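S.K.: opening piece of the complex, as it sits:
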Amino acid sequence: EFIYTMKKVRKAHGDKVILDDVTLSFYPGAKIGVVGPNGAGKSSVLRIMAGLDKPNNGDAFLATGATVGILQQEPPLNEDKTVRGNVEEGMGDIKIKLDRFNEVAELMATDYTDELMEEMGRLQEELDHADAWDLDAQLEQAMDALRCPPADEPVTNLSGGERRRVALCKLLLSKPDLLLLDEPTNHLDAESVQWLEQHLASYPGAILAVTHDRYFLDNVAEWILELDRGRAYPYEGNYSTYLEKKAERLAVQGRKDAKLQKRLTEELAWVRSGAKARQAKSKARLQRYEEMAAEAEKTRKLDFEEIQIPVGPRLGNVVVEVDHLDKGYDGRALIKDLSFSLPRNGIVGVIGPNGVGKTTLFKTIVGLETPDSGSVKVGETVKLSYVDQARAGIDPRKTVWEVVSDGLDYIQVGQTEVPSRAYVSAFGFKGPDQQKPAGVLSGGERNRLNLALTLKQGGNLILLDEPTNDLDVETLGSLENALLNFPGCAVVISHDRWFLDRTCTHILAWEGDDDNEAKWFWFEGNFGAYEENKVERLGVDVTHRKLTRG
Amino acid sequence: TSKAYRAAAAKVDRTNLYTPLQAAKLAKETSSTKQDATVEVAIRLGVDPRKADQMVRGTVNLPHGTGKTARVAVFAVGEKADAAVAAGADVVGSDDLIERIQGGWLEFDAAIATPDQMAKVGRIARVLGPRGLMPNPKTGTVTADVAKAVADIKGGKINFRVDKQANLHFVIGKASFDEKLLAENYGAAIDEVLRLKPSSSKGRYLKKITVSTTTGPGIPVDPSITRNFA
Amino acid sequence: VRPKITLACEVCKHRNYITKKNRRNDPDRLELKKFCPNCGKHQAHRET
């Protein structure tokens, strides 16, 4: 009747609570959307529902025979293959018991003959449970819909941000009855989300997403679950209905607490100054100050320090010269015949779907690559700063402070001697929260940590690669209003189309079709011009794939 | 689309759970309008088949026959096929039938193999399996009984397989047969449902049931008849 | 900041010892070799 249900659930440290009194319940087919700020507990609720952790109070009770999947905020894999990335979970109770049916039928005669009736027929019983057991012709069904990489290559550095396309195929093949997909639209395309839109719509089974897109929240979701910092409140309706009734709620809450804060100060002097006023009653009126001042500090949350990018040396007049570069691999044809300068004091945007080669183009510039037939002039005044797409500089065992400081005391950032602990809290880690391991940090504080160890050089040429992931609108605005005030050459790879309309001066973009798949067009102007230049120069200016039989 | 099919719609009462004797009278009145038909059985179960401990399958015996064309394929070599080639199989195959089946000559209905063939049956059961022709260790198509396997196809042993939707399906008889050639077939069917009765189901066990034919409308069936099928 | 934790054995899960740790110094559950009387020999003990 209920797929999932919760008692008075309180997952917490006793010093710092992260969930508190989370009492709610879900139906079958309950398409849910989860919204909230960073630091609320949105991923520590989807972690209880998949059994990957246990609460410190209250029972979390899945239904009887409904299985649950999960896609965490960083997706793990195995280091074996790509078609291995459709057998580990997903088709895992059929594939592991598929070769054994072909192994039990090797025609032994001295070993056993009539014991093939209670084990080989028992394996014949479990193949009817899945209603299909050829498993081969219906596994290119699962990779010609995600547009997966070719299935015969391992997930080494060979895979970029289509690592997520594989982890959206281990999960969406198990078909769980409770589907906990936590931010599926990281690193995807202008059409990879557009595939996932039509797939999560007609989907028998419950869905909990912690997404930020607007097609899921306005048309697929039916319940919206706000996560306040520790609290949890359900609501009913799509996201257009949610924000209207959210607006009138924070209206009458905005002057609920104004006259509350006015009351505490009006009887602050009543309890501090002039304690001559009443004898032997004062221990009954003083407690009503404390009982409203201890609940005035459970919503006093307005301490949000700004993201600030430090400034180092004077940037000259030449930054990146690309001398007719070609780049590729054996048989592969990425970047071909590209020449562009890089404008001093200008945000540069990169446009392209997954699999064109955006993040290798920065690896040339720092030095992690070498061009095949071409050259890149660095210019003796720039200073690189490379934040990577895969966030590979995070060592998930040692604490936060040891990742960015390397155990030192002062680190060299802005041609000064900054005390390296003060450089940590500049990106939002106040004091005793240096001492917690980085592998368990939030999606905001793993993106407010990758900016720490990569902007540690004060460089006047910073190469932002997916900066708009897993961070809310209070920091996203505090980023884009902090890399406008930066004196030179921020270069950004992004997929948020409503981010490059804010902060762009130049666009490098892919425009390849069936004559050559490795063109790169350069543009002088913002994103609100390239979307109009494209329709007046080219002609390119759907038909959904099912992922299963039905 | 035809008045003659809808003329029997008045021959079925709405809220009256019929008897198995009154059941087969309507099959004699509907299927006689056209050629020969086959009587169907639909049973809804009060189980939860999402789990694996409530999958239900059993065998059956038909003392009145089945009326099936029953084209029998044999998968054996040596003396295993010799004790069944005289039993009445129309097309007796061998190890050469590996290349005739998947090549495009699929004209057979049954499949009888021996346990000394499964290294070559398993490459043929890839296509015959999802078509329902899987090697059966239960009834006798694939076992050590190489003598009475072909006669069981004319003996009337058909398994029943519940789906996820809690729907049982099992044919019981032809159209030219009378009512008394159906009471013994139908009464053992609900018995074999009770022979695979789960110990973890809830509520009322058999909550809805109907019996019809190929070109016949629905008929109410009584769950509270377990003794007076004849 | 010094809560009172109880220490339970690994095999029989009985609760034999209560003690105090500091919670901002040691976030994870302690492990000690203490004496379980129901087992008769020293065993390992986590928290609850």
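M.R.: That came through fine. Numbering: from 1, shown residues only, chains lettered A, B, ... in the order given.
S.K.: quick one: residues contacting residue 48.
M.R.: Using chain A. Contact partners of residue A:48, counting by CB atoms under 8 Å, 6 or more residues apart in numbering or on different chains, are A:9, A:11, A:54, A:55, A:60. Heads up, the C-betas are built off the backbone N, CA and C, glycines and all.
S.K.: let me rephrase: I mean chain C.
M.R.: C:5, C:6, C:8, C:15 are the contacts of residue C:48 under CB under 8 Å, 6+ apart.
S.K.: repeat that for residue B:83.
M.R.: Contacts of residue B:83 by CB under 8 Å, 6+ apart are B:146, B:147.
S.K.: please point out which parts of the strand or helix carrying it sit buried.
M.R.: Using DSSP states H and E, residue B:83 sits in helix B:82-85. Within helix B:82-85, the residues that count as buried by 16 or more other CB atoms under 10 Å in any protein chain shown are residue B:84.
S.K.: quick check: next helix or strand after that helix?
M.R.: strand B:91-93.
S.K.: so which elements touch that following strand?
M.R.: strand B:73-75 (3 or more CB pairs under 8 Å, 6 or more residues apart in numbering or on different chains; DSSP states H and E).
S.K.: pull up the pairing partners for the strand it packs on, direction included.
M.R.: Partner strands and pairing direction for strand B:73-75 (DSSP bridges) are strand B:91-93 (parallel), strand B:112-113 (parallel).
S.K.: please tabulate those strands in TSV and include mean neighbour count as additional columns.
M.R.: Shown next, in TSV, are those (neighbours: other CB atoms under 10 Å in any protein chain shown):
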stretch	mean neighbour count
strand B:91-93	18
strand B:112-113	26
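S.K.: can you add RNA strand D next? sequence is:
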RNA sequence: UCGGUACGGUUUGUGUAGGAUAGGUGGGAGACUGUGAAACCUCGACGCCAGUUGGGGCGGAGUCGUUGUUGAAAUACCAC
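M.R.: Below is RNA strand D, added to the chains above:
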């Protein structure tokens, strides 16, 4: 007038290859002249391949059908 339960008829679903798997399971040579070429046409469903024989107002003659065979399966037809 707005919703829950119970029953009943109608309708609904489009990776690619084939005259859009008419969705799952179990059967099965059936439908009888209803041509589709009136209309909210194209069954009025999806309007993505632009079409799934039924509120059918030329008819009572000719009917996507069986035959064709690309594909885990195309094939009418009712019943759960």
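S.K.: RNA strand D added, so what about the buried residues of helix B:82-85 now?
M.R.: So helix B:82-85, judged by 16+ other CB under 10 Å, has buried residues residue B:84.
S.K.: do stretch B:197-207 as well
M.R.: B:198, B:206.
S.K.: okay, which residue is most central for chain C?
M.R.: Nearest to the geometric centre of chain C sits residue C:7, at 2.3 Å (CA atoms, centre = their mean).
S.K.: can you name every helix or strand that the longest helix along chain B contacts?
M.R.: Taking DSSP state H as the criterion, chain B has its longest helix at helix B:183-195. Here helix B:183-195 touches helix B:20-30, strand B:40-44, going by 3+ CB pairs under 8 Å, 6+ apart.
S.K.: determine the angle, from 0 to 180 degrees, between that helix and helix B:20-30.
M.R.: Counting by axes from the mean of the first three to the mean of the last three CA atoms, to 10 degrees, helix B:183-195 points 120 degrees away from the direction of helix B:20-30.
S.K.: I'd like the helices and strands packed on helix B:183-195 written out as JSON lines, with mean neighbour count added.
M.R.: Below are those laid out as JSON lines (neighbours: other CB under 10 Å):
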{"stretch": "helix B:20-30", "mean neighbour count": "19"}
{"stretch": "strand B:40-44", "mean neighbour count": "18"}
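S.K.: how about those, which one is nearest chain A?
M.R.: Among these, strand B:40-44 comes nearest to chain A, with 18.5 Å by CB to the nearest CB.
S.K.: from the contact counts, what lies against the closest one?
M.R.: strand B:167-169, helix B:183-195, strand B:208-212.
S.K.: so which of these gets nearest RNA strand D?
M.R.: Nearest of these to RNA strand D, taken as CB to the nearest atom of the strand: strand B:167-169 at 3.3 Å.
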